[PDB]
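Protein chains in written order, with the numbering used here: chain A, 1 to 77; chain B, 1001 to 1116; chain C, 2001 to 2107; chain D, 3001 to 3295; chain E, 4001 to 4049; chain F, 5001 to 5162; chain G, 6001 to 6050; chain H, 7001 to 7107; chain I, 8001 to 8184.
Cβ coordinates follow ideal geometry from the N, Cα and C atoms, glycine included.
Inspection log for the structure reproduced underneath, given as structure tokens.
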Amino acid sequence: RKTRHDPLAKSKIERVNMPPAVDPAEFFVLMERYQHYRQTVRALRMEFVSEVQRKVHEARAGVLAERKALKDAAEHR
Amino acid sequence: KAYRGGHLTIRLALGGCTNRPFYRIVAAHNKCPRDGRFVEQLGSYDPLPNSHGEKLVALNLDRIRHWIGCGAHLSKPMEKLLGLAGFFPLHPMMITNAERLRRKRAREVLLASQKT
Amino acid sequence: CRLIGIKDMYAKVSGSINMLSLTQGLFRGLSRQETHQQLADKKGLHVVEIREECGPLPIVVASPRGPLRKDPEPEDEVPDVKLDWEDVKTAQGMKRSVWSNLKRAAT
Amino acid sequence: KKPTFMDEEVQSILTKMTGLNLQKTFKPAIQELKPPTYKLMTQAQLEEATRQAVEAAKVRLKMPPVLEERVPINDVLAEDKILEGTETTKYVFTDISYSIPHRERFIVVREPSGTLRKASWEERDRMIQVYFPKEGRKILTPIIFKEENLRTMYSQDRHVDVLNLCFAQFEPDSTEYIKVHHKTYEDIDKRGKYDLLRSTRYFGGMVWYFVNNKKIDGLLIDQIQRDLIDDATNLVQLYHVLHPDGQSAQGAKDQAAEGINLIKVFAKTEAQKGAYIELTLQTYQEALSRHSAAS
Amino acid sequence: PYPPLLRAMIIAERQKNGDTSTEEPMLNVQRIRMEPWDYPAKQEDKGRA
Amino acid sequence: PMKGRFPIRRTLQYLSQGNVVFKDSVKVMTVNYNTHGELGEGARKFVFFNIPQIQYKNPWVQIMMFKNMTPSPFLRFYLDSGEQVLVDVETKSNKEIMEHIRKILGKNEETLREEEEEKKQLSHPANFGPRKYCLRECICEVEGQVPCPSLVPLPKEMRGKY
Amino acid sequence: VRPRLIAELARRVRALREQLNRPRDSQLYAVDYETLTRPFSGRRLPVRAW
Amino acid sequence: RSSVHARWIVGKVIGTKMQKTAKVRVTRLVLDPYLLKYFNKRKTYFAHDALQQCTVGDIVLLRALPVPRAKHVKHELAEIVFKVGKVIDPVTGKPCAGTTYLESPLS
Amino acid sequence: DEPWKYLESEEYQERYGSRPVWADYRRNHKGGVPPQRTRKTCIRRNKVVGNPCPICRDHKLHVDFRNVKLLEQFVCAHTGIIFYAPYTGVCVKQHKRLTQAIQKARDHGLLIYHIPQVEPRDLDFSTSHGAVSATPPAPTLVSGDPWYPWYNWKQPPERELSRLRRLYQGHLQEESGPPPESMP
RNA sequence: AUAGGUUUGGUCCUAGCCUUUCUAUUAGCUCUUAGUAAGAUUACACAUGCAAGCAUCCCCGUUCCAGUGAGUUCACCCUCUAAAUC
Ligand SMILES: [Zn+2]
Ligand SMILES: [Zn+2]
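Take a look at the structure:
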């Protein structure tokens, strides 16, 4: 694609960004949907983030982790 | 490379031939080529219908959970497929474009009845 | 080997390819083969076969015609055998030839 | 409680009935050939090699699990009537995972009714063979599994390989696996080559099928003709345990039948051609008077 | 509610670990706020050109 | 003929035929051995036959060999915590020392099997990538899915001829 | 590695020039109110703001 | 912890001509990919010694430093494992020149 | 037209014998190593080339899934591999037809091939899991409320509707329309 | 390499060169269809068209994609740790 130093073209030296016709009830019910979704997938994202953090923390230091560590050290001695 | 700024993105990568598409769910950095360096392939989506006809899709749901929990920004077709599946709530636009056709068929039903 | 009746064998000749040394060395080796019954008689042990096609099944091919030795064969760990670098190259996959396993006609 | 296929007593009995013919278990197969290796051993190490061959034959001769058919699943998880009418074709999905067992992973279907139905058994097997392929299974069902083709391999006496192909393609709890197995068993009962399925792992399965849906007449017939007599008795014993409310069983503990009698009893009680069973026992005992005179 | 498939895996996982525990898999939502499309940002997290 | 007395020692199956896979604590192995004397024959054969096998499997452990400096042959292990295990080898044999080090500072069969299991976890059967890493490259294969145009021409639902 | 002293010097004087002679808010968001074109920017405004 | 790659390295002292530093020579075994025989390869390491306790010819155990001191000093002395000539048998802690016991073990 | 007959006739034992059909043919080539592919077609148009190949020399030797003796002639006996085209001397056309015929005979049953005893796919053979048993149904599903109530259209207050109009007039589009139910 | 041709008056040995195989580009001569892969020689000079918008004004993006092979051990592992996404 183009860079910051490409002369802009003629065809786009003027071109109206005519915006889309806003319908009414679809716009508001669509907003109420967009906000509900962002909320529930945010909840799912927090669940997955805390699950990943749990996996990292129990793998680093859990109870079976300490168990196999102490078993290995005792076997070494 | 590095790519100044950016995040991971669970997205679809085209990998078929002409007139025969196929998307492989990939967890790649956003600032990377479409078909390029992916951190982990998370699944595959064959959109053409089978001989029996079942449009197969596949998902390492556990690894998708891991990468979402690591910070992957899921893209819109991935949100569509995950709604279709049931790992994510049905996407707003997949119900809104539904109601746009529902009323479009009606626009036809009435006009058709007037013709008859 | 079609005149002898040998149907399946691999052979590579190197050095000088003189026909009147090739035939003579071939006949020398093939007439100085050691057979399975002679090996069994010389060592006093059973000569048994292990094919990968059949499985772990032991197939006795030659038993001694005299007494059976009861001291087992000495398992000489790390045997002192003279190996061929071509064989080891083919085993390790560093034998790169565009001539080796070519699709040829029958026999 | 009735012992199933996997109880210790019945599993040992079925074992002896099978037999371990090493020259049939480990048999020359037409695969790719590598040059044979040779070893030099004494009698003791030859005996050790034969013992290890026997143990490996037991490992190869471990019995496949006979199991009951599976209830055809029809469980609608959800139904999105709003999505109904949007897409034309279905959309099957698989939690490929890596560590979840194949009978524990979630496979679902989304239909043009909006129904999020759980995937059927056949679709489940097809999906797991696509994403996790196992050597031998092709997701399109083999054409060899039909009437005329299966009969062709029956005529060419290929029943062990019929069962081998059935094992690879279909899961044991599936209907096809059961139908193909039972049709093969009815075929071999009709003509009768119990030596053809001997030393194979599918012998114990033919026995249970016959004893459970009782047709063990040809089994006893071949058993005694071929002097498999400790077998014959164990086979009756197994029938008597599997049907303990049979008049044969009642007469068995009444008459203290301990050997051949156990069989004669069966003939005089429930054998459909008990004249032939009893007659082959008299001929077997005529030959026994002969080799007892030889002894 | 959890989405249908995720609900099925959760109830199946605990069904497997043991306890039947047939309560519906609810998740808490009141932790998540509801800032709409009018809420303002910060000018150091911004940058004039 | 391959050069050397025992040509089997340079054959890449003998090297990956060893059994000692040192733990991640060992860093230095030092082998002090005596060239003459009937008692140090096990250490001499251990240097001759088994040191190549140890390094191929433990590739980052420094193995230094020292000749007739002490009147008794012995092995030493410098471990990352700071430890200095000493294993004398006088009146032993190379197989005996092999067993000895696999018991003392060598990983167990469960550990190497488990470490091996983690490796296979990467090559996943469902993945569809190029034949260097995966097993199938497109679903244009799995018979039942639409084939790759190249092999079987696509019906006239394709674009252009629409 | 040969030091990139010229690149570093150019970066530094570019940063100092940017810090010092930074264009101000007045000659930035000012507006030709008839054609909606800001100056030094040259881009007009979106359709929701005319 | 340490940013230095080599944690522990046993080496040999080459020179003590720099103040409070020993030039040491680590010898590791690298496999010839063709010949498949391990040949000793050497890397020079500069160890820090505070007490000037190592002379030339000693075998020394060098541990790493959390962060390099100089451009090349990345290691410090941990033990003069074997001191030139003055070598004490580790097995029997009795002095030994080489192959003979200067002081007897059955003391 | 119907095979399985010539190879049991007398002319097959007169021209050939107990020997292979392909055991008389030598492909002419630049000497030494043969080209590592046979011709693509002995029969171009309806004309036969100079050295017809083993299959293209006796029009009567038809190739299909039931000509079992010819199929076993072209497949090896000690190893279960199909003989390659330089080995046999057949064309790329016939070799392809022969591979098809051998395969069709193999899954039609009129050809013996070794099948390996496979090991079980899984270890646990249970069927007691959520994907292979029932799930306790959803409150919505025992009822008829849609999953996630935000899917159903619900008209907001006309105060919000007119606030929307105040935000977006001029380019405003048409009205709404509660979505239909059973679209045809 | 399953190897072959060639030193001589002839033989044996050593040996170079070439042949037989597979691929790629170009040249000659000549070429029916359909599908698909791939497609400057030149880091030489470029006419002309297009390739960066979005957006209630801020910002954000134009630092990416796409291209080339000039230069060339800035690509890998570990430690440490700054933008960045949660
Ligand atoms: Zn393809
Ligand atoms: Zn032909």
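What residues are listed by DSSP as bridge partners for residue 1013 (chain B)?
B:1024
Would you mind reading off the limits of the alpha helix (DSSP H) that contains residue 3094 (chain D)?
Taken as a continuous stretch (DSSP letters only), residue 3094 (chain D) belongs to no alpha helix (DSSP H), being part of the beta strand (DSSP E) at 3091–3095.
Alpha carbon to alpha carbon, how far is residue 5091 (chain F) from residue 3095 (chain D)?
60 Å
I want to verify the contact list: residues of chain B whose CB lies under 9 Å from the CB of residue 51 (chain A), in sequence order.
1065, 1066 and 1069
In whole angstroms, what separates the C-alpha of residue 35 (chain A) from that of residue 9 (chain A)?
39 Å
Per-residue burial, residue 1053 (chain B) [other beta carbons within 10 Å of its own, 16 or more giving buried]
exposed
Which listed residue (F:5097, F:5143 and F:5116) has its alpha carbon closest to that of residue 5045 (chain F):
F:5097
Please classify residue 2047 (chain C) as buried or exposed, where buried requires at least 16 neighbouring CB atoms within 10 angstroms.
buried
Pocket of ligand 2 defined by Cβ to heavy atom distance under 7 Å:
I:8039, I:8041, I:8042, I:8043, I:8052, I:8053, I:8055, I:8056, I:8090, I:8091, I:8093 and I:8094
Proximal residues, the segment 3066–3082 of chain D versus chain E, C-beta separation under 8 Å:
3077 and 3078
Give the secondary structure of residue 3184 (chain D) by DSSP, where H, G and I count as helix, E and B as strand, and everything else as coil.
helix
Assigned secondary structure, residue 2079 (chain C) (DSSP; H/G/I helix, E/B strand, else coil)
coil
Checking 8 Å against the spacing of the C-beta atoms, do residue 994 (chain B) and residue 1013 (chain B) come in under that value?
No answer is possible for residue 994 (chain B): it lies beyond the span of chain B, which begins at 1001 and ends at 1116.
For residue 1125 (chain B), the nearest candidate out of D:3105, D:3106, D:3116 and D:3270 (CA to CA):
As displayed, chain B neither begins before 1001 nor continues past 1116, which places residue 1125 (chain B) out of reach and without an answer.
What residues in its chain sit with their C-beta under 7 Å from that of residue 3215 (chain D), if we drop five residues either side in the sequence?
3189
Need the endpoints of the beta strand (DSSP E) that residue 5066 (chain F) sits in, please.
5062–5066
Would you mind reading off the limits of the alpha helix (DSSP H) that contains residue 58 (chain A)?
25–60
Quick one: which residues of the segment 3084–3108 of chain D get their C-beta closer than 7 Å to a C-beta of chain F? List them in chain order.
3096 and 3098
How about residue 1056 (chain B) and residue 3092 (chain D): do their beta carbons lie closer than 8 Å?
yes
Does the Cβ-Cβ distance between residue 5079 (chain F) and residue 5087 (chain F) come in under 8 Å?
no
Can you name the start and end residues of the beta strand (DSSP E) that residue 2062 (chain C) belongs to?
2059–2062
Evaluate the contact criterion for the segment 4003–4015 of chain E versus the segment 1092–1104 of chain B: three or more CB pairs, one atom per stretch, below 8 Å.
no
Check residue 2046 (chain C) in the structure and name its three-state DSSP category.
strand
Given the structure, does residue 1016 (chain B) come close to ligand 1, in the sense that its CB is under 7 Å from one of the ligand's heavy atoms?
yes
Using beta-carbon positions only, say whether residue 7061 (chain H) and residue 7050 (chain H) come within less than 8 Å of one another.
no
Counted within 10 angstroms of its Cβ, other Cβ atoms place residue 6049 (chain G) as buried (16 or more) or exposed:
exposed
Pick out whichever of H:7002, H:7036 and H:7008 has its Cα sitting closest to the Cα of residue 7026 (chain H).
H:7008
Count the C-beta pairs between the segment 1079–1087 of chain B and the segment 3106–3124 of chain D that are closer than 8 Å, then say yes if the count reaches three, no if not.
yes
Residue 5131 (chain F) Cβ short of 7 Å to ligand 1 heavy atom set
no
Contact under 8 Å by Cβ, residue 3102 (chain D) with residue 3128 (chain D)
yes
Residues near residue 1079 (chain B) in its chain [Cβ-Cβ closer than 8 Å; skip 5 each side]:
1088 and 1091
I believe residue 3017 (chain D) touches residue 3212 (chain D) by the beta-carbon criterion, under 8 Å. Please report the beta-carbon distance rounded to the nearest angstrom.
With 8 Å as the limit, residue 3017 (chain D) and residue 3212 (chain D) do not qualify as a contact, their Cβ atoms being about 15 Å apart.
Within 8 Å (strictly less), CB to CB, does residue 2102 (chain C) reach chain I?
yes
Quick one: is the Cβ of residue 1020 (chain B) within less than 7 Å of any heavy atom of ligand 1?
yes
Go ahead and pull the three-state DSSP assignment for residue 7010 (chain H).
strand
Around the C-beta of residue 3171 (chain D), are 16 or more other C-beta atoms found within 10 angstroms, so that it is buried, or is it exposed?
buried
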